[PDB]
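Visitor: For reference, the structure I am asking about is given below.
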Amino acid sequence: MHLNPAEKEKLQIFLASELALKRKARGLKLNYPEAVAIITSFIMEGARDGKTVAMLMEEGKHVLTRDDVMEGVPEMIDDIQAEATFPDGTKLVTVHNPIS
Amino acid sequence: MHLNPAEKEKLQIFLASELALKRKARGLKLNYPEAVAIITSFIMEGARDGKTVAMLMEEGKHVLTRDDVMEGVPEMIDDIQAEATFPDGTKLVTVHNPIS
Amino acid sequence: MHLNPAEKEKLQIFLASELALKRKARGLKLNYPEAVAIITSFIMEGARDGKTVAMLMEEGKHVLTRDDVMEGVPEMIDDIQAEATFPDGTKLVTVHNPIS
Amino acid sequence: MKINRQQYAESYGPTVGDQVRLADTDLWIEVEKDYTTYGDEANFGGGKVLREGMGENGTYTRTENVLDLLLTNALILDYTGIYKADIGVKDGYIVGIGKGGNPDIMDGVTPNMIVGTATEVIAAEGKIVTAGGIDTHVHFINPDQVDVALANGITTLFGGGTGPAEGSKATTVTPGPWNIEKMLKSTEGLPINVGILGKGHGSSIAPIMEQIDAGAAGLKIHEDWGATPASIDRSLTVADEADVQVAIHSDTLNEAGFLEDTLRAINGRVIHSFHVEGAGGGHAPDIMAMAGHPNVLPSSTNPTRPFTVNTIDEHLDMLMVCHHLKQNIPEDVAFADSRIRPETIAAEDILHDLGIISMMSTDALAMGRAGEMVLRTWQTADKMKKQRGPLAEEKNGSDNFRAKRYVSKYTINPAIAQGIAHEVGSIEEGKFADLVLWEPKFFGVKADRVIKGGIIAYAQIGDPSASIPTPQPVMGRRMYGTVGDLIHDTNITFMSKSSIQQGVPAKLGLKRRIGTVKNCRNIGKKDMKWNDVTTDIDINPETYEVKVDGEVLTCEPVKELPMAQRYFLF
Amino acid sequence: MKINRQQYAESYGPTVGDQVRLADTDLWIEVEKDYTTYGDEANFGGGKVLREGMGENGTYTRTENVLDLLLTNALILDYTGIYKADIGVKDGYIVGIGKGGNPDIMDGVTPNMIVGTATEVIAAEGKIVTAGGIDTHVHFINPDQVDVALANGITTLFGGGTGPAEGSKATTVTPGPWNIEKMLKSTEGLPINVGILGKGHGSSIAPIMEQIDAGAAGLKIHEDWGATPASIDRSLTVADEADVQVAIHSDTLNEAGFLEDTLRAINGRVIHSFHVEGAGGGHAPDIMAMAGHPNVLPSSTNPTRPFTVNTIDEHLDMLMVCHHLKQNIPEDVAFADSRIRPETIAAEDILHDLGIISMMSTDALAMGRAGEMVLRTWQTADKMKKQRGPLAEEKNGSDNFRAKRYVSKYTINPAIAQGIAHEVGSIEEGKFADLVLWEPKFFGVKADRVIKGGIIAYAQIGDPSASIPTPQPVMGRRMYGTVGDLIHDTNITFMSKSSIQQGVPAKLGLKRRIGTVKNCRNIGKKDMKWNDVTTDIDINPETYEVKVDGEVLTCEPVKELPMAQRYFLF
Amino acid sequence: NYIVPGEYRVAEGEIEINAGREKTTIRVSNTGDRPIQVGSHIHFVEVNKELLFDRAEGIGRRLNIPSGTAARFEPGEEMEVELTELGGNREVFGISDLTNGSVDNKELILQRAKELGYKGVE
Ligand code: NI
Ligand code: NI
Ligand code: NI
Ligand code: NI
């Protein structure tokens, strides 16, 4: 596979997102790291899909809403940042105030 | 996400449980680490769900039965212990003789 | 669980394969590490199922075809090798030219 | 020109009279004073103030009043106060708390806090800064426990052990000169301050004392090695000669005596009573009465902190594993059960709130959680505010008195108890620069950056391949202070005066900073900051009811805590 | 008062006459003798025996017959016996095997096994304790291979390599003075004992000998560097002068000679024949005949161990990668195919069972598995019991003779072969305290705790954040023996006498314990414990059939092994 | 046929502890209000002062119970226990500092016990 350090690390984010999605599916309000993991994995999968940075900057605001998360979580998350390999190489996506 | 060392480690348990559950679903009798992973992940998800320690001490005895596992596995597992964040903080669950 | 170093590492391969399978399921042509992960995890799960080394040497050539992967990926993968615990202990499976 | 307060606080952190919520608790801390000069605040970045000829002085060499490091705009939470200041570090020590910058052009610059060519900057605006936690009940069982501790803001580990040997899995003991030497050498690779306790057991002086001369920083008396009148007596005789502290885990079984017999053996000498409530060990049921005495420095371990609905149910199996007991031996189970009591655990919450138990500690990996000393301190304070109300001593609707009482339990008080407060345990000028930055939303839960001897040792930081350090995954990671030989200069091995005089560091090739243990024998409960209360504690032998000043101390367990499921992935 | 046997064994481990199953095999070991005094068994914990004035002596200083460490109630499995004893360790060495405690009050205490103030305790009741494995066929290819080895109970790595360079990926060789110096320096950070082999190739003495003087502990003759009569001869001349061992991988191709030519070049001198069956290399098809000769110390590598239904199919591609061969070169494939033979692999099982092959080894990362030497030894023994029956020498229905024969293959025999058995390779008084604890259910599969020089270096242990060390995830982890400078005192670098005399350790700044290689040239097959059989081995050049004493040695491959899918996650 | 990995097959018979040593049965009362538990290897005369028994009969002896076990006395509880003789050099040091030498010095041990208020000395 020739995994580099970031590829190994970022597997963790996907895993944490899968965990969090299972928790959401059984009806739990998500906590801070769960919410961050879901939105982060969404961004990295979006890059893999070939979306643009600009698309993901706006989609990232609609992945989770306040009723999906515990009290105070929306206000704890000022932004989420992730880098992934787009068709045009690695780029940074910053999603400001992802959960209103 | 602000993952601490235990949060990183415990992702592995969830992953191993998912692996083991796929193996069970395709009809395999589970081995020692598979059985331990499934019961352990069950406990940690139970804590996340807001069950009590006492509930999990008894539920943990009914997750897998001897027909789910290979010969000798029930006798290899004297107990399974796991710590997770309950609504009232980290607590230890010990399940004695989880597979009869 | 008593995980040894290889058991910990090889969890990663399963995880990467799950990631890659999700990407395939949503219609993406797979890349080099994705293709390797899928075929590798297939081999290790096959060993767990109790297949022989010889069976997996030939099945490994039929897991992914060239239309499943990006241009050039078939030619990038000369072989895939994996070791797993068969019913008769650890063995090495080598799949030559897994994607024609 | 005037700045409204919301905008001021957003830019520079809070100032006088502003309050900040601690994590998701209902505890509020209020800024008591601010050392700045409004308009001359230090800050660093593109077009900011700390630039040559401006807020950075371009004239002075490093020796001329210039800092190695300035933490700008810190909200300090410490036994000494809750207040706003810049913190100046030099030669690995805190040298100034006040106002940093350039006397060329700024008013009110503390004279030894010049930002010069030699000065690094850490922005602490919007952060709470505390001293590093001092954990004095550490079992050295698994090296992976160090990062666990760092992640919750602990910077000093005092205790004992040789790894996962049964003696160490039960007791904070590194026994004898050889094991002590081996663990001093191991310590060279641990990125945290360390002091090692010898076995406080024997009936002759020499076998105990030779541990001190070998490099131990103290002793542990533990019932699993025989917490007899003789072992107690000899250990305290050694400690009084050597000027080191003794920790005690007393005779739960009451085999050779009851509590009063242990106190008679102590004979008014100074001692640190571990897990004073007693689930973690001690004369059943009444050990917690130790915490009323003037010669006792009392600490709790953390799994009883605070009293919750699940607390009791986890303890029996925990205890049986730690102390190598067998479920099929009825007296083993009876011994274990005798240590677990809701009555004393409930009272322990209140005794903390009253300043009668002076310290917190972990009991890492031997009935305690390496990364939850700080966490559970604040959960306890929060529960007590909910159940008891604001303390009478509070003003302005703030919880500053309670916050000072509680922060002292895991910073200054353990340092004083151990004879190391000249080096560590508080944010004061002249002390080692072990500092923890916290985002208020994560306060007491997950540390932002842990500074050890003036260099960052541990941080919550993201993708090392990214364009900036903030992208995911953000996790706790060891920083440059832990790498190469820098691990030697950023950490202290605390040792007895005798071992230092006898040249043990040179003999073993120790390269770490060497700290001297001293002034351990001339202190008492009166010296525990904000937690100095002596009183008669009565524990009913039939009902386990705890009384102080004729009043039963009890409270309810809670079903939920803050600093819990909002934060943790597992 | 009497205790029934089931309850006795549950509390203290088994005693005389009791049997224990090895993992999930059908091998049973029986306790032959027990050094205890019934009623005075040592044990540690709350209210237990090893307490001051009781089972722990409170009088004696560390020098006065007191131990640094007592392993209580060990079931020892060793070439010297299968028996029950306490094991006493001091200064990193095994100093007593017998009965530990306090002569004040206990009967039958071994005089130098006093539990005192200085003594740590490891509870070995219910554990099997063996010597650390001695792997003498290690390719140093990937540092991650060390933990793999530790996890299966290996504590000494002898071999060569500089990392994943093709020379090292094929051969156990660290070539020349500079590469040897570099790898001796690397070794300072490897938490395992090490000895390094130079290149056993040349036609002049000086280029070979200068490797020995540089710090090599032996030589490797390998066909990939030319296993010619000259290289064989010069290497053995060097070895005879230097008192180090030579390992040989002979000329598979029969290019410069057949087996008889290699034996003539050896000329009766001592040599260690690697992978003597020959899949791993050597004169095709008859190399295994080496194992009949009195001057040959024969080892197997592990992928042929034991003969299973999948064994052949994995080998061709494995061999081609290791030896840098090309699938499109017909003679490369012919060479590879010539080394792989069910006839010799089947006979190799039997030759092990008969004591004709004396040693096991890995061939780590170059046609062998770093963490499966111990594993595959016991799988082989189990297969042989199933197919051949209990050995004639057995009694009481136990498999003690077979167990001693097989444990010797990876402990004492490789140590003797290498000239290091004065330090390592068995549980005997005066040897280095490299000890492996095993739960019987995991015996030979996953080690519980690996002790190196008297300190735990590796352990299967759980959550470092937990209240106790047993909660999940339980995995193999490096312990305090590997941290800081303690890695120097808990491990041995084995070196030639000449390099030691010439001050190589000081020249390179080596801080590890330095072990001397000696008494390598004055031994033979007769010195291989429980595996000392010499005989004429005939290998049919047409059919590859192996004969000993006129009988064809053959057996069937098995479809399943114990110590396999019950245990492993992958 | 069923395989329990690592299982024991213990031999027949029973293990006699403290074989060949004199045994003595005595009555002991916990006169205190908190429980007292006594381990197998503590010099019996040196136990908690509030245990009432004939102290002389505890000299040079310990409980005749399996190594690592204990006898538990609840508050007010009187029970009969069996003692065995100490072995080895028959010396005791430390613990309650009643002996610090040979257990043969009965008079000295009892004098110290009486002076310090250990219940049950003549
Ligand atoms: Ni304790
Ligand atoms: Ni403790
Ligand atoms: Ni070879
Ligand atoms: Ni090799």
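Letters A, B, ... mark the chains of the structure tokens in the order given; residue numbers begin at 1 per chain; ligand numbers begin at 1, in order shown.
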DSSP on the backbone, strand (DSSP E) only: what residues of stretch 212-352 of chain E does that give? Format it as a list in words.
Guide: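 DSSP on the backbone gives strand (DSSP E) at residues 218, 219, 220, 221, 222, 245, 246, 247, 248, 249, 271, 272, 273, 296, 297 and 298 of chain E.
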Visitor: Which chains and residue numbers are within 6 Å of ligand 3, counting only C-alpha atoms and all ligand atoms, if I want them as a list in words?
Guide: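 What falls inside 6 Å of ligand 3 is residues 249, 280 and 281 of chain E.
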Visitor: Pick out the chain A residues within 12 Å of chain B. Count only C-alpha atoms. Give them as a ChimeraX atom specification.
Guide: /A:9,11-20,22-41,73,76-77,79-82
Visitor: How would the residues just chosen look if you wrote them out with N, CA and C atoms as a compact mmCIF listing (two decimals), in the first residue's frame?
Guide:
```txt
# COMPACT_ATOMS: atom_id res chain seq x y z
N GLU A 9 -2.56 7.95 9.97
CA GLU A 9 -3.32 8.72 10.95
C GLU A 9 -4.75 8.91 10.56
N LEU A 11 -6.73 7.22 8.70
CA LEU A 11 -7.59 6.04 8.91
C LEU A 11 -8.39 6.12 10.18
N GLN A 12 -7.77 6.69 11.23
CA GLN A 12 -8.41 6.88 12.55
C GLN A 12 -9.65 7.75 12.49
N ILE A 13 -9.58 8.79 11.68
CA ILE A 13 -10.70 9.72 11.53
C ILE A 13 -11.90 8.99 10.91
N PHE A 14 -11.64 8.23 9.84
CA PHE A 14 -12.69 7.44 9.22
C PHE A 14 -13.31 6.49 10.25
N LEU A 15 -12.45 5.84 11.04
CA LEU A 15 -12.92 4.88 12.02
C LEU A 15 -13.79 5.56 13.08
N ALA A 16 -13.32 6.71 13.57
CA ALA A 16 -14.08 7.45 14.58
C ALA A 16 -15.42 7.92 14.03
N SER A 17 -15.43 8.30 12.75
CA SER A 17 -16.69 8.70 12.10
C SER A 17 -17.65 7.53 12.01
N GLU A 18 -17.15 6.34 11.65
CA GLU A 18 -18.01 5.16 11.58
C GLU A 18 -18.62 4.84 12.95
N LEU A 19 -17.80 4.96 13.99
CA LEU A 19 -18.26 4.79 15.36
C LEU A 19 -19.37 5.76 15.70
N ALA A 20 -19.12 7.03 15.41
CA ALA A 20 -20.07 8.09 15.70
C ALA A 20 -21.38 7.92 14.92
N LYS A 22 -22.69 5.11 13.92
CA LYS A 22 -23.44 4.03 14.58
C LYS A 22 -24.15 4.53 15.82
N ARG A 23 -23.49 5.39 16.58
CA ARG A 23 -24.09 5.97 17.77
C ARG A 23 -25.29 6.86 17.41
N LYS A 24 -25.16 7.67 16.36
CA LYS A 24 -26.25 8.51 15.87
C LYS A 24 -27.42 7.63 15.42
N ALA A 25 -27.12 6.55 14.70
CA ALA A 25 -28.15 5.67 14.16
C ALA A 25 -28.97 5.00 15.24
N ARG A 26 -28.39 4.77 16.42
CA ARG A 26 -29.20 4.19 17.49
C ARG A 26 -29.84 5.24 18.40
N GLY A 27 -29.77 6.50 17.98
CA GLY A 27 -30.58 7.57 18.56
C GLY A 27 -29.88 8.47 19.54
N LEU A 28 -28.55 8.39 19.64
CA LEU A 28 -27.85 9.22 20.61
C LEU A 28 -27.56 10.59 20.05
N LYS A 29 -27.69 11.61 20.91
CA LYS A 29 -27.16 12.93 20.63
C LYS A 29 -25.63 12.86 20.69
N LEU A 30 -24.97 13.34 19.64
CA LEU A 30 -23.52 13.20 19.53
C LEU A 30 -22.76 14.23 20.36
N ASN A 31 -21.58 13.83 20.80
CA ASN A 31 -20.73 14.68 21.60
C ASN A 31 -19.70 15.40 20.73
N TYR A 32 -18.77 16.10 21.37
CA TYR A 32 -17.81 16.93 20.64
C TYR A 32 -16.90 16.11 19.70
N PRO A 33 -16.15 15.11 20.22
CA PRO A 33 -15.28 14.41 19.27
C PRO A 33 -16.03 13.61 18.19
N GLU A 34 -17.21 13.09 18.53
CA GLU A 34 -18.05 12.40 17.55
C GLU A 34 -18.45 13.32 16.41
N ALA A 35 -18.93 14.51 16.76
CA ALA A 35 -19.35 15.49 15.76
C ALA A 35 -18.19 15.92 14.87
N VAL A 36 -17.05 16.20 15.49
CA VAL A 36 -15.87 16.57 14.71
C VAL A 36 -15.47 15.43 13.78
N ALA A 37 -15.47 14.19 14.27
CA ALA A 37 -15.07 13.06 13.42
C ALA A 37 -15.96 12.92 12.20
N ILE A 38 -17.27 13.01 12.41
CA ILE A 38 -18.20 12.86 11.29
C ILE A 38 -17.98 13.93 10.21
N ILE A 39 -17.87 15.18 10.62
CA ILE A 39 -17.70 16.26 9.65
C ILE A 39 -16.35 16.14 8.96
N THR A 40 -15.31 15.78 9.72
CA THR A 40 -13.98 15.63 9.14
C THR A 40 -13.93 14.52 8.10
N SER A 41 -14.48 13.36 8.43
CA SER A 41 -14.49 12.24 7.49
C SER A 41 -15.32 12.62 6.25
N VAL A 73 -22.40 21.66 22.21
CA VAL A 73 -21.49 21.18 21.17
C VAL A 73 -21.39 22.14 19.98
N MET A 76 -19.01 24.82 20.94
CA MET A 76 -17.65 24.33 21.12
C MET A 76 -16.87 24.23 19.81
N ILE A 77 -17.57 24.06 18.70
CA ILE A 77 -16.91 23.86 17.41
C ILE A 77 -16.92 25.16 16.61
N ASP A 79 -14.62 25.89 14.19
CA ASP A 79 -14.39 25.46 12.81
C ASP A 79 -13.81 24.07 12.84
N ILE A 80 -13.85 23.43 11.68
CA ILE A 80 -13.22 22.14 11.46
C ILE A 80 -12.34 22.28 10.22
N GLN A 81 -11.11 21.79 10.33
CA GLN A 81 -10.16 21.85 9.23
C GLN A 81 -9.68 20.46 8.90
N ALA A 82 -9.54 20.18 7.60
CA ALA A 82 -9.04 18.89 7.14
C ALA A 82 -8.35 19.06 5.82
```
Visitor: Around ligand 1, at most 10 Å away and counting only C-alpha atoms and all ligand atoms, which residues are there? Put them as a ChimeraX atom specification, please.
Guide: /D:137,170-172,220-224,247-250,252,273-276,278-282,301,322-323,363,366-368
Visitor: Return as a PyMOL selection string the residues belonging to chain E that are within 8 Å of chain F, counting only C-alpha atoms.
Guide: chain E and resi 1-6+8-9+14+16-25+37-44+47-49+52-55+58-59+103-109+439-443
Visitor: Go ahead and write the selection's residues with C-alpha atoms as an mmCIF file, in the first residue's frame.
Guide:
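This went into again.cif:
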```
data_model
loop_
_atom_site.group_PDB
_atom_site.id
_atom_site.type_symbol
_atom_site.label_atom_id
_atom_site.label_comp_id
_atom_site.auth_asym_id
_atom_site.auth_seq_id
_atom_site.Cartn_x
_atom_site.Cartn_y
_atom_site.Cartn_z
ATOM 1 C CA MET E 1 -4.900 -29.608 58.297
ATOM 2 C CA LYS E 2 -4.966 -30.827 54.673
ATOM 3 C CA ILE E 3 -5.782 -29.041 51.412
ATOM 4 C CA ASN E 4 -7.154 -30.992 48.482
ATOM 5 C CA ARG E 5 -5.054 -30.929 45.354
ATOM 6 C CA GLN E 6 -7.379 -28.945 43.118
ATOM 7 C CA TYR E 8 -3.833 -26.318 46.354
ATOM 8 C CA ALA E 9 -3.004 -25.947 42.651
ATOM 9 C CA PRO E 14 0.659 -27.227 40.750
ATOM 10 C CA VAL E 16 4.504 -32.881 42.602
ATOM 11 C CA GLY E 17 2.697 -35.236 40.243
ATOM 12 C CA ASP E 18 0.222 -32.646 38.943
ATOM 13 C CA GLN E 19 0.048 -32.181 35.157
ATOM 14 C CA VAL E 20 -0.591 -29.097 33.037
ATOM 15 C CA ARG E 21 -1.684 -28.942 29.385
ATOM 16 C CA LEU E 22 0.522 -26.775 27.152
ATOM 17 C CA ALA E 23 -1.842 -24.302 25.479
ATOM 18 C CA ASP E 24 -4.408 -26.225 23.348
ATOM 19 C CA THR E 25 -1.953 -28.976 22.416
ATOM 20 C CA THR E 37 7.758 -26.442 52.521
ATOM 21 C CA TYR E 38 4.010 -27.051 52.581
ATOM 22 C CA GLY E 39 2.409 -24.362 54.753
ATOM 23 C CA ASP E 40 5.308 -21.900 54.260
ATOM 24 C CA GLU E 41 4.663 -21.076 50.586
ATOM 25 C CA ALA E 42 5.614 -17.524 49.689
ATOM 26 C CA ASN E 43 2.903 -15.202 48.407
ATOM 27 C CA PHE E 44 2.364 -11.488 48.197
ATOM 28 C CA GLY E 47 -2.849 -9.987 54.352
ATOM 29 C CA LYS E 48 -0.481 -12.416 52.660
ATOM 30 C CA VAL E 49 2.800 -14.007 53.776
ATOM 31 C CA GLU E 52 7.651 -7.539 57.542
ATOM 32 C CA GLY E 53 8.403 -9.814 60.507
ATOM 33 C CA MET E 54 6.573 -12.642 58.762
ATOM 34 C CA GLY E 55 7.619 -14.018 55.348
ATOM 35 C CA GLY E 58 13.020 -6.908 58.479
ATOM 36 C CA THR E 59 16.629 -7.205 59.682
ATOM 37 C CA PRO E 103 14.524 -17.839 57.960
ATOM 38 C CA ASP E 104 13.300 -16.166 61.176
ATOM 39 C CA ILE E 105 10.082 -18.196 61.049
ATOM 40 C CA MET E 106 9.902 -20.434 57.931
ATOM 41 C CA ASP E 107 11.360 -23.876 57.433
ATOM 42 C CA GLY E 108 13.433 -24.745 54.384
ATOM 43 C CA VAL E 109 14.422 -21.242 53.188
ATOM 44 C CA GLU E 439 -0.177 -18.494 31.366
ATOM 45 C CA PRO E 440 -0.554 -22.191 30.504
ATOM 46 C CA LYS E 441 -3.512 -21.402 28.209
ATOM 47 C CA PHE E 442 -1.173 -19.123 26.202
ATOM 48 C CA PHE E 443 1.988 -21.221 26.559
#
```
Visitor: Measuring between only C-alpha atoms, which one of B:57, B:47, B:64, B:6 shows the shortest distance to chain E?
Guide: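 Closest candidate: B:6.
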Visitor: Could you tell me how far atom CA of residue F:74 lies from atom CA of residue D:228, in Å and to one decimal?
Guide: 20.3 Å
Visitor: So what do you get for atom CA of residue E:326 versus atom CA of residue E:262, distance-wise?
Guide: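 Calculated distance between atom CA of residue E:326 and atom CA of residue E:262 is 27.0 Å.
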